[PDB]
Trainee: 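Dropping a structure here in structure tokens format, bear with me for questions.
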2 protein chains.
Amino acid sequence: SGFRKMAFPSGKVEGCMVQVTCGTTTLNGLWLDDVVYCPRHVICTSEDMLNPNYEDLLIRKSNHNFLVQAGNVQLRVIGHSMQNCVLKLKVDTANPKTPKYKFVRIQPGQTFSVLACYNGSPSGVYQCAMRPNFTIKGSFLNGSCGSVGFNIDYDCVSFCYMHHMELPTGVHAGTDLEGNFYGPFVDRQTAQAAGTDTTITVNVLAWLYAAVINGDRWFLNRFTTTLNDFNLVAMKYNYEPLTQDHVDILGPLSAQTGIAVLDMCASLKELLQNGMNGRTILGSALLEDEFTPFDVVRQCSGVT
Amino acid sequence: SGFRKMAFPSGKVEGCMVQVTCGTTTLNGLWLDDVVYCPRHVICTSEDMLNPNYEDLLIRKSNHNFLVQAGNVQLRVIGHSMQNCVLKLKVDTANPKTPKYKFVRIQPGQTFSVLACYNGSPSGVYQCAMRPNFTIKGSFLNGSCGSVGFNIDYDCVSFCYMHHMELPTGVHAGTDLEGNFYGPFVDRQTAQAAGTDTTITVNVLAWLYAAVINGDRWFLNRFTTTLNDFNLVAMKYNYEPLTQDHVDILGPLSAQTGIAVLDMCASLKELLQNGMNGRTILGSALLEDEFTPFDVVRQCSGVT
Ligand SMILES: Cc1ccncc1NC(=O)C[C@H](c1ccsc1)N1CCC(O)CC1
Ligand SMILES: Cc1ccncc1NC(=O)C[C@H](c1ccsc1)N1CCC(O)CC1
């Protein structure tokens, strides 16, 4: 009973967080095996944040300029390299707390947990989604760079995000663990506007199925629709188009509740057209889109 | 930038979770030092869940009947006792991962993180609040009993909740770590209706200050009010009365934003009277009450 925005347990990731300092800038690093991953903007000065040439700035840096501290103990840096927008600091000690891990590049719509950190210390954990405009609506202050996003599959942590930038509109941009930014964002203090923040339709449907499983059923109507009819409505409301792939992924939720996907689309269509009329669904007065069909199944079944 | 429902990092608590089995019932235990804490209803049979006499049922149990497993290794039970609605299983080994800890009994309005567990394994972490009717709106399935609620102050975990029951209305009831239920709830399969779920006014105000700090300012009006006038409005909308103690606790947020507490009360008064008019605040279409003034300060300052 109940449905909450739930994050993965953060323990496995807390054991990886370290502090990285270069000159006067301190941010967070991710220590996995004998490598510490951190945003390359740790090497940047204030007078050159507008147009930094990272290859040129990195030439002035040596192994001893990267100060890596794990808890209150210093790690010895024996190598450093730049991979896209991340630095990889080879240390002389493998992290004894290295969990089983993978690096994955997620697609928009996919959710993940963020372990927000400052000075290599965790402050909190929250659930996020890669928005369709490749931003994330996080909670990050100065010093949070290098904090990571991840998913967990039993004992394996799939790292998907590393925090790099705050856009002038208070939304967030970052990279996968290969240093490639999600979206068109660049690690420089320049005008970077985000595109349309559309709603993740498949996630809203999954959340409506979670609502039905938990007893919130007022929004269920006597209607049905087609993928094409639904998508005309979705386009009007800045919702992502629904594909047959999305219909297939919602299959288990459709099977559990006995509500066909296209019937749930018709319910969503009426909620978009009429609003909630001051009513709520799973304690929300808006349509939640940061639960994937996988998250709903996981939470509703109790996967550990 | 940004404001999220954030949980404490769960690592310190994950290292305490164990599985406790008595007969055919398996639930979660909290292993701190050489004691495992778990709900006493682990000893109950199905044919006696209506009116169990726990003292009498416990007489038929011995140390060897409580199976405690930490990871995949079995703990040896050398003593057992009942303290209110929790059992304390003395084991022969101190938990090597025991964090610094305290047991606290929280008041309604206070928030905490829950590490939901099944079979002694963590499934997720989410943020909760002790409702004014002493229930919690959690996300718990069968097998989640013994999962705990907690707050963290740097290196010290203050355990405040242990999950025991699901009420017929899908809300949750449990105890502090001394085994005393929050509210009037009892650990038996009987009719237990919850009282009025009123809104935690001081928390809503704190969240409105967080909204102002993060740029959502449309709701700020040209008005002010008094504690007495505000409280008449709060009573009408099933909001908890605001006291001078609450005004004092909001002081730091008032000082940071330059918005007097009574002016923020007047803004809240107009939001209650007029609604949001299809607008949102910190991505919510309703007034959020599960952030305390302390949580807002913590998140907005970056405490680790
Ligand atoms: C400030 C912040 C808040 C929340 N999340 C992230 C950040 N950091 C940034 O956006 C990085 C950026 C940068 C550094 C090197 S090249 C570009 N940033 C440094 C801080 C500075 O005040 C203004 C530029
Ligand atoms: C089922 C559940 C879901 C979410 N959170 C908690 C629970 N468990 C309970 O409410 C405990 C209760 C009990 C056991 C011993 S005396 C009373 N409960 C066992 C399960 C049973 O089906 C019906 C009674």
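In each ligand, atom 1 is the first atom listed, and ligand 1 is the first ligand listed. Residue numbers begin at 1 in each chain, while the letters A, B, ... track the order of the sequences. Because only heavy atoms are used, hydrogens play no part in the values below, and waters and symmetry mates are left out as well, while side chains stay in.
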Trainee: Please check if any side-chain donor atom of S121(B) sits under 3.5 Å from a side-chain acceptor atom of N119(B), or the reverse.
Mentor: no
Trainee: Could you verify whether a donor N or O on one side chain and an acceptor N or O on the other, from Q19(B) and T26(B), lie under 3.5 Å apart?
Mentor: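 Per modelled atom types, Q19(B) and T26(B) side chains form no pair under 3.5 Å.
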Trainee: I'd like to know if the side chain of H80(A) pairs up with that of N63(A) as donor and acceptor (distance under 3.5 Å, no hydrogens or angles considered).
Mentor: yes
Trainee: If I compare all heavy atoms of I213(A) with all of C300(A), which pair ends up nearest, and what's the gap?
Mentor: CG2-SG, 4.0 Å
Trainee: Determine, for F291(A) and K5(A), whether the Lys NZ or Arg CZ falls below 6.0 Å from the six-membered ring centre while staying within 45 degrees of the axis.
Mentor: yes
Trainee: Just distances here: any N/O of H163(B) and N/O of ligand 2 closer than 3.5 Å?
Mentor: yes
Trainee: Would you give the length of the straight line joining atom CZ of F8(B) to atom CG of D295(B), rounded to the nearest 0.5 angstrom?
Mentor: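 Rounded to the nearest 0.5 Å, the CZ-CG separation comes to 6.5 Å.
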Trainee: How far is atom 20 (C) of ligand 2 from its nearest protein heavy atom, and which residue and atom is that?
Mentor: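 Checked against all protein heavy atoms, atom 20 (C) of ligand 2 sits closest to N142(B) OD1, 3.6 Å.
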Trainee: Find all atoms of ligand 1 within a distance of less than 4.0 Å from any non-hydrogen atom belonging to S144(A), and give their numbers and elements.
Mentor: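 Answer for ligand 1: 5 (N).
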Trainee: When you compare ligand 2 with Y54(B), is there at least one nitrogen or oxygen pair between them that comes in under 3.5 angstrom?
Mentor: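 Between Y54(B) and ligand 2, no N or O pair is found under 3.5 Å apart.
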Trainee: Short list, please: which atoms of ligand 1 are under 4.0 Å from a heavy atom of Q189(A)?
Mentor: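 Near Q189(A), the atoms of ligand 1 are 23 (C), 24 (C).
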Trainee: For the pair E178(B) and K88(B), evaluate salt bridge (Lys or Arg N to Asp or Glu O under 4.0 Å) and give the outcome as yes or no after the intermediate values.
Mentor: CA-CA 10 Å; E178(B) 303 187 323; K88(B) 292 188 295 193; over 6 Å; no
Trainee: Does the protein put any heavy atom within less than 4.0 Å of atom 5 (N) of ligand 2?
Mentor: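 At least one protein heavy atom is under 4.0 Å away.
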Trainee: Short list, please: which atoms of ligand 1 are under 4.0 Å from a heavy atom of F140(A)?
Mentor: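 Here the atoms of ligand 1 in question are 4 (C), 5 (N).
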Trainee: I need the nearest protein heavy-atom contact for atom 8 (N) of ligand 2: residue, atom name and distance, please.
Mentor: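 Its nearest protein heavy-atom neighbour is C145(B) SG, 3.5 Å.
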Trainee: Apply side-chain contact (heavy atoms from CB on, under 4.5 Å) to residues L89(B) and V35(B) and explain how you reach the verdict.
Mentor: CA-CA 5 Å; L89(B) 308 179; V35(B) 181; over 6 Å; no
Trainee: Pull out every atom of ligand 1 sitting under 4.0 Å from any heavy atom of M49(A), numbered as shown with elements.
Mentor: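 Near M49(A), meaning under 4.0 Å from one of its heavy atoms, ligand 1 has 21 (C), 23 (C), 24 (C).
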Trainee: At what distance is the nearest protein heavy atom to atom 9 (C) of ligand 2, and which residue and atom is it?
Mentor: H164(B) O, 3.7 Å
Trainee: For atom 17 (C) of ligand 2, which candidate among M165(B), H172(B), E166(B), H41(B) provides the closest heavy atom?
Mentor: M165(B)
